[PDB]
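Residue-level structure breakdown
Single-letter residue listing:
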Amino acid sequence: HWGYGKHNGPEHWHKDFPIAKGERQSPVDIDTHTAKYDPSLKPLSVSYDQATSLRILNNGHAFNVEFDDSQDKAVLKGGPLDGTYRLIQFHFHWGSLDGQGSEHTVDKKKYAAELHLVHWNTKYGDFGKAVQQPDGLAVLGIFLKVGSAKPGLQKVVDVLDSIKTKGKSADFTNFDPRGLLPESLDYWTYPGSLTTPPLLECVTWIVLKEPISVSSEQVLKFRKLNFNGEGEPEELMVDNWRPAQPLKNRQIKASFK
Ligand SMILES: CN1CCN(NC(=S)Nc2ccc(S(N)(=O)=O)cc2)CC1
Ligand SMILES: [Zn+2]
């Protein structure tokens with residue numbers, strides 16, 4: 001099965017998932033000088049006040065904080081989007097070292113980690129239908145740099161000891177994802193894909209310009225997770241990022257000058 005190792009990592013994915021070499025793959029390098037301001041782009045509308053978190057799961061590739069998406073409780077609208085996109089889960093990608101871990105890069109710069117808040121277009125009725133559509137998902141991506149702690153992240157950090165290995169989950173109610181956002185909602189946007197298999201080309205990417213800062217201790221705790229299941233040989237969950245893919249026939253648009 002696919003993963004992030006030498007023998008099953010991103011260079012191998014195309015054999016099971018030929019769309020890996022497709023026309024709108026993610027992530028990409030964001031060349032800030034070549035991105036163009038699009039004055040028609042609207043401000044993002046992030047409406048997370050009624051978000052209902054449920055559970056946190058180690059799925060063997062990352063950990064997901066899952067939400068109740070059976071009603072419009074936490075939604076993303078505006079920006080490049082037409083319609084309403086419901087928050088289903090968030091997760092991170094991170095490195096073994098503070099100088100790598102993000103999936104997107106900015107002028108070739110890698111951040112220590114990247115947060116993905118995953119939303120699906122409610123006109124398609126369920127997430128499984130949405131991933132089959134070119135405008136099915138909107139993923140809000142937020143860079144993490146190492147510096148001061150992010151207080152809104154600490155509850156996530158605190159529970160990781162309970163989901164160390166693949167397949168473990170824990171209750172994770174009453175978590176407020178607003179505590180993970182930076183001050184500014186300025187963003188870049190482009191059409192892309194899931195960054196893991198099955199690599200479906202269903203995502204409108206919205207990547208925030210402003211990173212959040214997390215502490216060295218917070219990211220160290222991410223790095224104590226395991227890719228393996230309990231009772232299997234220990235493999236630290238680190239470097240679970242796909243590198244930047246060719247931009248091909250795409251333009252990245254900026255919401256800001
Ligand atoms: C077919 N089916 C599609 C649903 N997939 N589930 C999820 S949560 N996939 C998923 C993968 C990568 C991202 S990312 N890193 O692009 O945000 C976001 C979501 C399971 C398999
Ligand atoms: Zn992701």
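Residues numbered from 1 in each chain as written, not as in the entry; some residues may be left out. Chains lettered and ligands numbered in written order. Heavy atoms only, no water.

Method-wise, the PDB entry is recorded as coming from X-ray crystallography, at a reported resolution of 1.1620 Å.

**Overview of the coordination of the zinc ion (ligand 2)**
Around the zinc ion (ligand 2), the protein contributes the donor atoms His91 (NE2), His93 (NE2) and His116 (ND1), which lie 2.0 Å from the metal centre. Around the zinc ion (ligand 2) sit four donor atoms, and with donor-metal-donor angles ranging over 99 to 116° the site reads as tetrahedral. (Donors = N, O, S within 2.8 Å, 3.2 Å for Na, K, Ca; no water. Tetrahedral: all angles 85-135°; square planar, octahedral: opposite > 155°, others 65-115°.)

**Concerning the nonpolar core**
Within the largest apolar cluster, 49 residues are counted, with the highest numbers of intra-cluster contacts made by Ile56, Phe63, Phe90, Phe92, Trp94, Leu117 and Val156. Only β5 (63-67), β7 (85-94), β9 (113-121), β10 (137-146), α2 (154-159), β13 (203-208) and β14 (212-214) provide two or more residues apiece to this core. The element that contributes the greatest number of residues to this core is β7, accounting for five residues. Each residue touching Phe90, except ones within four places of it in the same chain, is listed here: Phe63, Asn64, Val65, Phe67, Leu115, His116, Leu117, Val156, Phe175, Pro177 and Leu180. (Core = buried A, V, L, I, M, F, W, Y, C linked by side-chain atoms within 4.5 Å. Buried < 20%, exposed > 50% of the residue type's maximum accessible area, 1.4 Å probe, protein only. Helix = DSSP H or I, 4+ residues; strand = E, 2+ residues; numbered from the N terminus. Contact = heavy atoms within 4.5 Å.)

**Section: the side chain of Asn228**
Its location among the elements puts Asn228 in the loop between α3 (216-222) and β15 (253-254). With a relative accessible area of 3%, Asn228 lands in the buried category. Looking at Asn228, its side chain comes within polar contact range of the side chain of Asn226, at 3.5 Å. Setting aside its immediate chain neighbours within four residues, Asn228 contacts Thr165, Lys166, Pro233, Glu234 and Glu235. (Polar contact = N/O pair within 3.5 Å; in protein donor to acceptor, adjacent residues only side chain to side chain.)

**Brief notes about the site of ligand 1**
Residues in close proximity to ligand 1 total 13 residues, the closest being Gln89, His91, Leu194, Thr195 and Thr196. With respect to ligand 1, the side chain of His91 contributes an N or O atom lying 3.3 Å from a nitrogen atom. Between a nitrogen atom of ligand 1 and a side-chain N or O atom of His93, the distance comes to 3.3 Å. In isolation ligand 1 exposes 520 Å². Once the protein is present, 70% of that is buried. Among the elements of the structure, β7 and β9 are those that each provide at least two residues to the shell around ligand 1. Counting residues per element, the shell around ligand 1 draws most heavily on β7, at three residues. Partitioning the shell around ligand 1 into residue classes produces seven nonpolar, six polar and no charged. (Near = heavy atom within 4 Å. Areas by Shrake-Rupley, 256 points an atom, 1.4 Å probe, with all protein chains shown as cover. Nonpolar A, V, L, I, M, F, W, Y, C, P; charged D, E, K, R; others polar.)

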